[PDB]
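Peer 1: Structure file start30.cif, mmCIF, C-alpha atoms and all ligand atoms, is pasted below:
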```
data_target
#
loop_
_atom_site.group_PDB
_atom_site.id
_atom_site.type_symbol
_atom_site.label_atom_id
_atom_site.label_comp_id
_atom_site.auth_asym_id
_atom_site.auth_seq_id
_atom_site.Cartn_x
_atom_site.Cartn_y
_atom_site.Cartn_z
ATOM 1 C CA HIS A 4 -0.191 -20.709 3.974
ATOM 2 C CA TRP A 5 -1.808 -17.333 4.580
ATOM 3 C CA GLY A 6 -4.028 -15.626 2.047
ATOM 4 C CA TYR A 7 -7.449 -14.013 1.675
ATOM 5 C CA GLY A 8 -9.739 -17.069 1.540
ATOM 6 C CA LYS A 9 -12.255 -18.445 4.033
ATOM 7 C CA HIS A 10 -9.720 -20.840 5.521
ATOM 8 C CA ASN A 11 -6.520 -18.767 5.402
ATOM 9 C CA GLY A 12 -7.722 -15.145 5.496
ATOM 10 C CA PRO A 13 -7.316 -12.248 7.922
ATOM 11 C CA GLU A 14 -9.194 -13.919 10.792
ATOM 12 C CA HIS A 15 -6.674 -16.787 10.737
ATOM 13 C CA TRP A 16 -3.434 -14.815 10.494
ATOM 14 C CA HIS A 17 -2.944 -14.439 14.274
ATOM 15 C CA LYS A 18 -2.197 -18.160 14.641
ATOM 16 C CA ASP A 19 1.056 -17.907 12.655
ATOM 17 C CA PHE A 20 1.573 -14.156 13.342
ATOM 18 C CA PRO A 21 0.411 -13.337 16.891
ATOM 19 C CA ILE A 22 1.305 -9.651 16.345
ATOM 20 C CA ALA A 23 -1.936 -9.590 14.317
ATOM 21 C CA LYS A 24 -3.601 -8.711 17.649
ATOM 22 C CA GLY A 25 -0.954 -6.149 18.619
ATOM 23 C CA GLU A 26 -1.051 -2.548 19.744
ATOM 24 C CA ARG A 27 -0.356 -0.744 16.429
ATOM 25 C CA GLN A 28 -1.929 -2.817 13.643
ATOM 26 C CA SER A 29 -3.056 -1.563 10.245
ATOM 27 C CA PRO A 30 -5.236 -0.683 8.460
ATOM 28 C CA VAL A 31 -7.634 1.391 10.589
ATOM 29 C CA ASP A 32 -10.776 3.413 10.073
ATOM 30 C CA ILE A 33 -10.000 7.119 9.797
ATOM 31 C CA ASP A 34 -12.714 8.931 11.735
ATOM 32 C CA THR A 35 -12.410 12.365 10.162
ATOM 33 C CA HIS A 36 -14.145 14.224 12.997
ATOM 34 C CA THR A 37 -11.799 12.671 15.620
ATOM 35 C CA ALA A 38 -8.515 13.169 13.743
ATOM 36 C CA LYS A 39 -6.826 16.301 15.048
ATOM 37 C CA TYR A 40 -5.123 18.923 12.933
ATOM 38 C CA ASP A 41 -1.451 19.081 13.938
ATOM 39 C CA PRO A 42 0.002 22.450 12.817
ATOM 40 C CA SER A 43 3.460 21.094 13.702
ATOM 41 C CA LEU A 44 3.337 18.681 10.760
ATOM 42 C CA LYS A 45 5.371 19.783 7.755
ATOM 43 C CA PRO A 46 4.286 19.438 4.124
ATOM 44 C CA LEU A 47 5.146 16.138 2.541
ATOM 45 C CA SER A 48 8.112 16.128 0.168
ATOM 46 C CA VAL A 49 7.630 13.577 -2.638
ATOM 47 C CA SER A 50 10.773 13.590 -4.815
ATOM 48 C CA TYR A 51 10.148 11.048 -7.586
ATOM 49 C CA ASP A 52 11.823 12.822 -10.538
ATOM 50 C CA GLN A 53 14.758 10.375 -10.612
ATOM 51 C CA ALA A 54 12.765 7.191 -9.948
ATOM 52 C CA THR A 55 14.087 4.046 -11.649
ATOM 53 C CA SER A 56 11.407 1.345 -11.977
ATOM 54 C CA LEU A 57 12.745 -2.092 -12.853
ATOM 55 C CA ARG A 58 10.240 -4.925 -12.794
ATOM 56 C CA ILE A 59 6.626 -5.868 -12.101
ATOM 57 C CA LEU A 60 5.913 -9.082 -10.166
ATOM 58 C CA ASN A 61 2.788 -11.078 -9.304
ATOM 59 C CA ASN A 62 3.679 -12.420 -5.845
ATOM 60 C CA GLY A 63 0.457 -14.344 -5.263
ATOM 61 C CA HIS A 64 -1.011 -11.644 -2.990
ATOM 62 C CA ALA A 65 -0.855 -8.520 -5.192
ATOM 63 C CA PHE A 66 1.488 -7.196 -7.884
ATOM 64 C CA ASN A 67 4.537 -5.074 -7.067
ATOM 65 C CA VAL A 68 6.201 -2.485 -9.273
ATOM 66 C CA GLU A 69 9.787 -2.552 -7.970
ATOM 67 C CA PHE A 70 12.334 0.270 -8.000
ATOM 68 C CA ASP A 71 16.093 0.654 -7.719
ATOM 69 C CA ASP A 72 16.576 1.597 -4.055
ATOM 70 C CA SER A 73 20.390 1.268 -3.993
ATOM 71 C CA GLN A 74 20.672 5.083 -4.134
ATOM 72 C CA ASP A 75 18.537 8.085 -3.108
ATOM 73 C CA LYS A 76 16.601 8.354 -6.374
ATOM 74 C CA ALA A 77 12.905 8.460 -5.430
ATOM 75 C CA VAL A 78 12.472 9.532 -1.815
ATOM 76 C CA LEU A 79 9.821 10.643 0.654
ATOM 77 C CA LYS A 80 10.690 13.235 3.296
ATOM 78 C CA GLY A 81 8.957 15.732 5.532
ATOM 79 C CA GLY A 82 5.493 15.437 6.973
ATOM 80 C CA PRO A 83 5.751 13.373 10.162
ATOM 81 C CA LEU A 84 9.036 11.817 9.030
ATOM 82 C CA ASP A 85 12.556 12.258 10.352
ATOM 83 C CA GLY A 86 15.136 11.524 7.694
ATOM 84 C CA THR A 87 14.974 10.126 4.188
ATOM 85 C CA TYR A 88 12.806 7.212 3.041
ATOM 86 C CA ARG A 89 13.575 5.464 -0.260
ATOM 87 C CA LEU A 90 10.854 4.110 -2.549
ATOM 88 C CA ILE A 91 11.279 0.341 -2.933
ATOM 89 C CA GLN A 92 7.970 -0.749 -4.512
ATOM 90 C CA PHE A 93 4.311 0.072 -4.986
ATOM 91 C CA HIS A 94 1.276 -2.192 -5.109
ATOM 92 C CA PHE A 95 -2.494 -2.083 -4.715
ATOM 93 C CA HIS A 96 -5.283 -3.795 -2.786
ATOM 94 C CA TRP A 97 -8.682 -4.062 -4.519
ATOM 95 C CA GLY A 98 -12.124 -5.602 -4.390
ATOM 96 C CA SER A 99 -14.432 -7.842 -6.375
ATOM 97 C CA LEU A 100 -16.956 -4.961 -6.565
ATOM 98 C CA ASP A 101 -16.478 -1.189 -6.723
ATOM 99 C CA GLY A 102 -17.781 -0.691 -3.143
ATOM 100 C CA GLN A 103 -14.943 -2.560 -1.439
ATOM 101 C CA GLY A 104 -11.210 -3.022 -1.867
ATOM 102 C CA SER A 105 -9.456 -0.423 0.246
ATOM 103 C CA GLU A 106 -7.738 -1.310 3.508
ATOM 104 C CA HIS A 107 -8.073 2.016 5.254
ATOM 105 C CA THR A 108 -11.587 3.413 5.441
ATOM 106 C CA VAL A 109 -12.760 7.001 5.911
ATOM 107 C CA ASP A 110 -15.751 7.389 8.233
ATOM 108 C CA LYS A 111 -16.327 3.672 7.485
ATOM 109 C CA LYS A 112 -16.385 4.308 3.707
ATOM 110 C CA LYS A 113 -14.543 1.697 1.621
ATOM 111 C CA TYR A 114 -12.961 2.705 -1.685
ATOM 112 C CA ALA A 115 -12.603 0.453 -4.737
ATOM 113 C CA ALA A 116 -8.853 0.070 -4.212
ATOM 114 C CA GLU A 117 -5.856 1.489 -2.361
ATOM 115 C CA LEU A 118 -2.351 2.191 -3.667
ATOM 116 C CA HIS A 119 0.617 1.683 -1.319
ATOM 117 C CA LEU A 120 3.948 3.329 -2.136
ATOM 118 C CA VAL A 121 6.395 1.614 0.214
ATOM 119 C CA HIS A 122 9.513 3.426 1.446
ATOM 120 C CA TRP A 123 12.265 2.582 3.951
ATOM 121 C CA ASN A 124 14.367 4.742 6.263
ATOM 122 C CA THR A 125 17.892 4.965 4.864
ATOM 123 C CA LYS A 127 19.403 5.218 8.371
ATOM 124 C CA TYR A 128 18.852 1.443 8.672
ATOM 125 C CA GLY A 129 20.836 0.580 5.543
ATOM 126 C CA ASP A 130 18.566 -2.044 3.965
ATOM 127 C CA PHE A 131 14.864 -2.875 3.851
ATOM 128 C CA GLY A 132 15.246 -6.036 5.924
ATOM 129 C CA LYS A 133 16.799 -4.090 8.792
ATOM 130 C CA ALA A 134 14.238 -1.317 8.447
ATOM 131 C CA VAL A 135 11.262 -3.624 9.014
ATOM 132 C CA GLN A 136 12.712 -4.459 12.465
ATOM 133 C CA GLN A 137 12.404 -0.809 13.570
ATOM 134 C CA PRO A 138 9.338 1.130 14.792
ATOM 135 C CA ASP A 139 10.182 3.942 12.361
ATOM 136 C CA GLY A 140 11.609 1.747 9.603
ATOM 137 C CA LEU A 141 9.030 2.245 6.854
ATOM 138 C CA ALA A 142 6.780 4.970 5.517
ATOM 139 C CA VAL A 143 3.864 3.835 3.354
ATOM 140 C CA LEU A 144 2.038 6.484 1.325
ATOM 141 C CA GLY A 145 -1.545 5.331 0.845
ATOM 142 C CA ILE A 146 -3.806 6.669 -1.898
ATOM 143 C CA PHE A 147 -7.468 5.745 -2.365
ATOM 144 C CA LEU A 148 -8.892 4.799 -5.772
ATOM 145 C CA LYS A 149 -12.506 5.502 -6.761
ATOM 146 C CA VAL A 150 -14.144 4.429 -10.015
ATOM 147 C CA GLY A 151 -14.956 7.195 -12.481
ATOM 148 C CA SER A 152 -12.672 8.691 -15.109
ATOM 149 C CA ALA A 153 -9.543 6.810 -16.181
ATOM 150 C CA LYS A 154 -6.170 7.631 -14.632
ATOM 151 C CA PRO A 155 -3.868 8.043 -17.670
ATOM 152 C CA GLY A 156 -0.740 7.379 -15.627
ATOM 153 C CA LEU A 157 -2.066 3.982 -14.528
ATOM 154 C CA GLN A 158 -2.607 2.597 -18.022
ATOM 155 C CA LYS A 159 0.952 1.343 -18.568
ATOM 156 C CA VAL A 160 0.532 -0.796 -15.426
ATOM 157 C CA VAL A 161 -2.860 -2.087 -16.558
ATOM 158 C CA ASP A 162 -1.574 -3.119 -19.962
ATOM 159 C CA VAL A 163 1.276 -5.314 -18.668
ATOM 160 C CA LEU A 164 -0.922 -7.329 -16.286
ATOM 161 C CA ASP A 165 -1.693 -9.936 -18.973
ATOM 162 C CA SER A 166 1.996 -10.887 -18.901
ATOM 163 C CA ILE A 167 2.029 -11.511 -15.116
ATOM 164 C CA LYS A 168 -1.311 -13.249 -14.741
ATOM 165 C CA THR A 169 -0.176 -15.878 -12.256
ATOM 166 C CA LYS A 170 1.863 -16.134 -9.059
ATOM 167 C CA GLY A 171 5.599 -15.984 -9.652
ATOM 168 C CA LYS A 172 5.495 -14.282 -13.051
ATOM 169 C CA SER A 173 7.484 -11.094 -13.575
ATOM 170 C CA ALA A 174 8.116 -8.758 -16.477
ATOM 171 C CA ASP A 175 10.520 -5.939 -17.228
ATOM 172 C CA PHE A 176 8.938 -2.619 -16.258
ATOM 173 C CA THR A 177 11.460 0.184 -16.747
ATOM 174 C CA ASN A 178 10.879 3.925 -17.160
ATOM 175 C CA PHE A 179 7.568 4.049 -15.292
ATOM 176 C CA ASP A 180 6.917 7.392 -13.586
ATOM 177 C CA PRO A 181 4.975 7.016 -10.303
ATOM 178 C CA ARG A 182 4.216 10.762 -10.253
ATOM 179 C CA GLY A 183 1.380 9.903 -12.648
ATOM 180 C CA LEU A 184 -0.445 8.068 -9.835
ATOM 181 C CA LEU A 185 -0.665 11.019 -7.393
ATOM 182 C CA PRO A 186 -3.720 13.243 -6.787
ATOM 183 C CA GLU A 187 -3.461 17.034 -6.885
ATOM 184 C CA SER A 188 -3.427 17.588 -3.121
ATOM 185 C CA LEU A 189 -0.917 16.141 -0.664
ATOM 186 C CA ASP A 190 -3.182 16.754 2.374
ATOM 187 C CA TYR A 191 -2.911 13.657 4.572
ATOM 188 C CA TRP A 192 -3.677 11.792 7.765
ATOM 189 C CA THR A 193 -0.874 10.010 9.642
ATOM 190 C CA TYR A 194 -0.596 7.412 12.419
ATOM 191 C CA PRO A 195 1.837 4.686 13.579
ATOM 192 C CA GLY A 196 0.941 1.224 12.307
ATOM 193 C CA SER A 197 2.028 -1.998 10.655
ATOM 194 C CA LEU A 198 2.392 -3.966 7.469
ATOM 195 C CA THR A 199 -1.140 -4.988 6.450
ATOM 196 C CA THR A 200 -0.131 -8.521 5.398
ATOM 197 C CA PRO A 201 1.893 -11.136 7.247
ATOM 198 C CA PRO A 202 4.328 -10.783 8.884
ATOM 199 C CA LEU A 203 2.325 -7.725 10.126
ATOM 200 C CA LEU A 204 5.423 -6.060 11.564
ATOM 201 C CA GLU A 205 4.794 -2.851 13.517
ATOM 202 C CA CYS A 206 7.323 -0.784 11.575
ATOM 203 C CA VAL A 207 5.250 1.639 9.478
ATOM 204 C CA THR A 208 4.497 5.342 9.652
ATOM 205 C CA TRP A 209 1.267 5.491 7.616
ATOM 206 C CA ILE A 210 0.624 8.607 5.527
ATOM 207 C CA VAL A 211 -2.823 8.396 3.875
ATOM 208 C CA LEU A 212 -3.802 11.063 1.354
ATOM 209 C CA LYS A 213 -7.239 12.645 1.723
ATOM 210 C CA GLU A 214 -7.837 13.084 -2.017
ATOM 211 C CA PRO A 215 -8.557 9.870 -3.960
ATOM 212 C CA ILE A 216 -7.516 9.326 -7.540
ATOM 213 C CA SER A 217 -10.116 8.256 -10.094
ATOM 214 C CA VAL A 218 -9.609 5.148 -12.239
ATOM 215 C CA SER A 219 -11.965 3.755 -14.859
ATOM 216 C CA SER A 220 -14.167 0.687 -14.567
ATOM 217 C CA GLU A 221 -12.090 -0.904 -17.325
ATOM 218 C CA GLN A 222 -8.843 -0.263 -15.431
ATOM 219 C CA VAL A 223 -10.045 -1.928 -12.225
ATOM 220 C CA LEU A 224 -11.653 -4.775 -14.185
ATOM 221 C CA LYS A 225 -8.172 -5.638 -15.455
ATOM 222 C CA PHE A 226 -6.829 -5.829 -11.899
ATOM 223 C CA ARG A 227 -9.590 -8.381 -11.257
ATOM 224 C CA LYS A 228 -8.397 -10.686 -14.064
ATOM 225 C CA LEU A 229 -5.153 -11.442 -12.236
ATOM 226 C CA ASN A 230 -4.763 -14.769 -10.446
ATOM 227 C CA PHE A 231 -3.708 -15.717 -6.921
ATOM 228 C CA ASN A 232 -2.653 -19.154 -8.185
ATOM 229 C CA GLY A 233 0.440 -20.200 -10.093
ATOM 230 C CA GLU A 234 0.407 -21.281 -13.728
ATOM 231 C CA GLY A 235 -0.986 -24.751 -14.267
ATOM 232 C CA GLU A 236 -3.149 -24.523 -11.138
ATOM 233 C CA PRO A 237 -6.925 -23.968 -10.917
ATOM 234 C CA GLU A 238 -7.795 -20.334 -11.523
ATOM 235 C CA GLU A 239 -8.573 -18.256 -8.417
ATOM 236 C CA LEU A 240 -9.175 -14.613 -9.328
ATOM 237 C CA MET A 241 -7.030 -12.104 -7.436
ATOM 238 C CA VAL A 242 -9.802 -10.019 -5.871
ATOM 239 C CA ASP A 243 -10.516 -8.867 -2.289
ATOM 240 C CA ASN A 244 -6.848 -8.903 -1.291
ATOM 241 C CA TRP A 245 -7.467 -6.394 1.521
ATOM 242 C CA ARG A 246 -7.287 -6.654 5.319
ATOM 243 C CA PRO A 247 -10.229 -5.002 7.163
ATOM 244 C CA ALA A 248 -9.852 -2.192 9.669
ATOM 245 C CA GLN A 249 -8.179 -3.101 12.982
ATOM 246 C CA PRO A 250 -8.705 -1.582 16.432
ATOM 247 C CA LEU A 251 -7.141 1.854 16.886
ATOM 248 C CA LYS A 252 -6.202 1.143 20.535
ATOM 249 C CA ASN A 253 -3.903 3.751 22.079
ATOM 250 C CA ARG A 254 -3.306 5.835 18.959
ATOM 251 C CA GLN A 255 -4.273 9.241 17.622
ATOM 252 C CA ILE A 256 -4.655 9.975 13.928
ATOM 253 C CA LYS A 257 -3.279 13.407 13.036
ATOM 254 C CA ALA A 258 -4.334 15.542 10.080
ATOM 255 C CA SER A 259 -2.049 17.816 8.085
ATOM 256 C CA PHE A 260 -4.970 20.072 7.170
ATOM 257 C CA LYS A 261 -7.877 21.959 8.706
HETATM 258 N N1 LIG A 301 12.194 -13.611 -1.623
HETATM 259 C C1 LIG A 301 11.457 -12.878 -1.150
HETATM 260 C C2 LIG A 301 10.473 -11.892 -0.505
HETATM 261 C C3 LIG A 301 11.086 -11.213 0.740
HETATM 262 N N2 LIG A 301 10.703 -9.800 0.836
HETATM 263 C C4 LIG A 301 11.809 -8.869 1.136
HETATM 264 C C5 LIG A 301 13.114 -9.012 0.319
HETATM 265 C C6 LIG A 301 14.249 -8.158 0.919
HETATM 266 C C7 LIG A 301 14.588 -6.954 0.316
HETATM 267 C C8 LIG A 301 15.595 -6.178 0.854
HETATM 268 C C9 LIG A 301 16.266 -6.592 1.995
HETATM 269 C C10 LIG A 301 15.933 -7.800 2.602
HETATM 270 C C11 LIG A 301 14.915 -8.583 2.065
HETATM 271 C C12 LIG A 301 9.749 -9.719 1.936
HETATM 272 C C13 LIG A 301 8.928 -8.430 1.987
HETATM 273 O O1 LIG A 301 8.960 -7.650 1.092
HETATM 274 N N3 LIG A 301 8.129 -8.147 3.133
HETATM 275 C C14 LIG A 301 8.020 -9.042 4.284
HETATM 276 C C15 LIG A 301 8.784 -8.521 5.505
HETATM 277 C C16 LIG A 301 10.296 -8.627 5.277
HETATM 278 C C17 LIG A 301 10.983 -7.559 4.773
HETATM 279 C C18 LIG A 301 12.347 -7.653 4.553
HETATM 280 C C19 LIG A 301 13.014 -8.832 4.829
HETATM 281 C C20 LIG A 301 12.325 -9.919 5.336
HETATM 282 C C21 LIG A 301 10.952 -9.820 5.549
HETATM 283 C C22 LIG A 301 7.344 -6.923 3.137
HETATM 284 C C23 LIG A 301 6.050 -7.184 2.359
HETATM 285 C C24 LIG A 301 5.020 -6.075 2.542
HETATM 286 C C25 LIG A 301 3.826 -6.384 3.157
HETATM 287 C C26 LIG A 301 2.849 -5.423 3.331
HETATM 288 C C27 LIG A 301 3.070 -4.139 2.867
HETATM 289 S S1 LIG A 301 1.788 -2.892 3.085
HETATM 290 N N4 LIG A 301 0.393 -3.547 2.479
HETATM 291 O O2 LIG A 301 1.659 -2.700 4.547
HETATM 292 O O3 LIG A 301 2.224 -1.735 2.293
HETATM 293 C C28 LIG A 301 4.282 -3.818 2.252
HETATM 294 C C29 LIG A 301 5.257 -4.792 2.071
HETATM 295 ZN ZN ZN A 302 -0.327 -2.808 0.827
#
```
Kindly return the structure encoded in the file as structure tokens.

Peer 2:
Amino acid sequence: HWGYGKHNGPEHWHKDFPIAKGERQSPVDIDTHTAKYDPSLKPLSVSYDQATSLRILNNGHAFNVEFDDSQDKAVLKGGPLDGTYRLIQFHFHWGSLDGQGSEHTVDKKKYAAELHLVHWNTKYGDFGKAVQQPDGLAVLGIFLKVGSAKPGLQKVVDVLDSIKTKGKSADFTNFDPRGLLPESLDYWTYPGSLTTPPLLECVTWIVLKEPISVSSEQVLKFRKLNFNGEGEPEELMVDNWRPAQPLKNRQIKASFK
């Protein structure tokens, strides 16, 4: 099955998922000099005060912090979006070294990791229906660079020992995702896709310009996770990122001058 290795990685995905070579694939390189300021874009509205986290899961490709999305509790609105998008989960992509790990790049620069806060358009009723729609999802992407620790990330870091291997989950209630945001909500936006199989072209990408800083020790703990299940040979969960895909007939818009 698909993964991030030599024999099942991104260059192989198109055989099972031909949309891998489609017209609106993600991630992409964000060329900052070519992105155009769009004064029509509204400020983002991130309303996470009532978020209800439930569980953290190692799914064999990353780890997901899952939320209760059966009501409008933590929602994303505004910016390029029409309607209300409910937070369902967040996860990260990261590298084996501090100079790689992000999926999006900025003027070809790779960050150490990238956080994805995944939201779905409530007009489609459930997440499975939303992924079948060109405007079904909104993913808020946030770059991580290595420097000072992010205090709001530590509760995630400290539970990773309990979900080392594929298929392990742990209770993860009362986690506040507002502690993972940078100061500025300035962003770039473009129409794209899920960055893993099934690579569905259902995502409005909103990528924040300002990275958050995490410590070397925090990212080192991400790198102790495993792709494998328990009782299988250890394969470290590192370099779980897809590289930049062709922009094709798309324009990246900036919320800021
Ligand atoms: N069992 C099992 C796992 C099944 N998942 C969903 C469970 C679900 C939840 C609500 C309603 C229906 C189904 C599957 C699941 O999540 N994805 C697969 C596509 C999908 C979505 C919904 C239904 C079928 C397939 C999305 C995974 C995904 C990939 C990449 C990014 S990224 N890097 O672009 O942000 C974000 C999220
Ligand atoms: Zn992702």

Peer 1: Can you turn the PyMOL selection byres (((chain A and resi 4) around 12) and not hetatm) into a concrete residue list for this file, as a PDB file with C-alpha atoms, in the frame of the given file?

Peer 2:
```
ATOM      1  CA  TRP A   5      -1.808 -17.333   4.580  1.00  0.00           C
ATOM      2  CA  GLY A   6      -4.028 -15.626   2.047  1.00  0.00           C
ATOM      3  CA  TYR A   7      -7.449 -14.013   1.675  1.00  0.00           C
ATOM      4  CA  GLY A   8      -9.739 -17.069   1.540  1.00  0.00           C
ATOM      5  CA  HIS A  10      -9.720 -20.840   5.521  1.00  0.00           C
ATOM      6  CA  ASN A  11      -6.520 -18.767   5.402  1.00  0.00           C
ATOM      7  CA  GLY A  12      -7.722 -15.145   5.496  1.00  0.00           C
ATOM      8  CA  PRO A  13      -7.316 -12.248   7.922  1.00  0.00           C
ATOM      9  CA  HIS A  15      -6.674 -16.787  10.737  1.00  0.00           C
ATOM     10  CA  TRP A  16      -3.434 -14.815  10.494  1.00  0.00           C
ATOM     11  CA  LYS A  18      -2.197 -18.160  14.641  1.00  0.00           C
ATOM     12  CA  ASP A  19       1.056 -17.907  12.655  1.00  0.00           C
ATOM     13  CA  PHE A  20       1.573 -14.156  13.342  1.00  0.00           C
ATOM     14  CA  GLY A  63       0.457 -14.344  -5.263  1.00  0.00           C
ATOM     15  CA  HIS A  64      -1.011 -11.644  -2.990  1.00  0.00           C
ATOM     16  CA  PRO A 201       1.893 -11.136   7.247  1.00  0.00           C
ATOM     17  CA  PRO A 202       4.328 -10.783   8.884  1.00  0.00           C
TER      18      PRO A 202
END
```

Peer 1: Using only C-alpha atoms and all ligand atoms, which of A:99, A:222, A:62, A:249 sits nearest ligand LIG 301 (chain A)?

Peer 2: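 Of A:99, A:222, A:62, A:249, the one nearest ligand LIG 301 (chain A), counting only C-alpha atoms and all ligand atoms, is A:62.
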
Peer 1: What is the atom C11 of ligand LIG 301 (chain A)-atom CA of residue A:212 distance in Å, reported with one decimal?

Peer 2: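 Going from atom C11 of ligand LIG 301 (chain A) over to atom CA of residue A:212, I get 27.1 Å.
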
Peer 1: Let me see if you get this right: every residue at most 12 Å from ligand ZN 302 (chain A), counting all atoms listed in the file, written as number ranges by chain.

Peer 2: A: 29-30, 64-67, 92-97, 104-107, 116-122, 142-147, 197-201, 203, 207, 209, 211, 244-247

Peer 1: Would you kindly translate the PyMOL selection byres (((chain A and resi 253) around 12) and not hetatm) into the concrete residues it picks from this file, as an MDAnalysis selection string?

Peer 2: chainID A and resid 25:28 194:196 250:252 254:256

Peer 1: Hey, which of A:184, A:248, A:79, A:109 ends up closest to residue A:159? Count only C-alpha atoms.

Peer 2: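 Closest to residue A:159 of all the choices is A:184.
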
Peer 1: Please expand the PyMOL selection byres (((chain A and resi 160-174) around 10) and not hetatm) into the concrete residues it hits in this file, giving the result as a ChimeraX atom specification.

Peer 2: /A:57-68,156-159,175-177,179,221-226,228-236,238-241

Peer 1: Take the point (-10.8, 13.9, 16.3) as written in the file and pick out every residue within 10 Å of it, counting all atoms listed in the file; give the list as a ChimeraX atom specification.

Peer 2: /A:33-40,255-258

Peer 1: With distances taken over all atoms listed in the file, which residue among A:103, A:155, A:208, A:149 lies nearest residue A:124?

Peer 2: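 Once distances to residue A:124 are computed over all atoms listed in the file, the minimum belongs to A:208.
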
Peer 1: Return as JSON the box centre and box size in Å, one decimal, for an axis-aligned box around all listed atoms of ligand LIG 301 (chain A) padded by 3 Å per side.

Peer 2:
```
{"center_x": 8.3, "center_y": -7.7, "center_z": 2.0, "size_x": 21.9, "size_y": 17.9, "size_z": 13.2}
```

Peer 1: Quote the spacing between atom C10 of ligand LIG 301 (chain A) and atom CA of residue A:193 in Å to one decimal place.

Peer 2: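 Distance between the two atoms: 25.5 Å.
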
Peer 1: What is the atom CA of residue A:76 to atom CA of residue A:91 distance in Å?

Peer 2: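 About the pair atom CA of residue A:76 and atom CA of residue A:91: they are 10.2 Å apart.
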
Peer 1: At a cut-off of 6 Å from (16.0, 6.0, 5.4) in the coordinates of the file, what residues are picked up using only C-alpha atoms, written as a list in words?

Peer 2: residues 87, 88, 123, 124, 125 and 127 of chain A

Peer 1: Hey, which of A:89, A:260, A:187, A:102 ends up closest to residue A:44? Count only C-alpha atoms.

Peer 2: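 Of all the options, A:260 lies closest to residue A:44.
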
Peer 1: Between A:134, A:153, A:148, A:23, single out the one closest to ligand LIG 301 (chain A), counting all atoms listed in the file.

Peer 2: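 Between A:134, A:153, A:148, A:23, the residue approaching ligand LIG 301 (chain A) most closely is A:134.
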
Peer 1: Considering only C-alpha atoms and all ligand atoms, state which residue in the set A:227, A:261, A:133, A:182 is at the smallest distance from ligand LIG 301 (chain A).

Peer 2: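 Between A:227, A:261, A:133, A:182, the residue approaching ligand LIG 301 (chain A) most closely is A:133.
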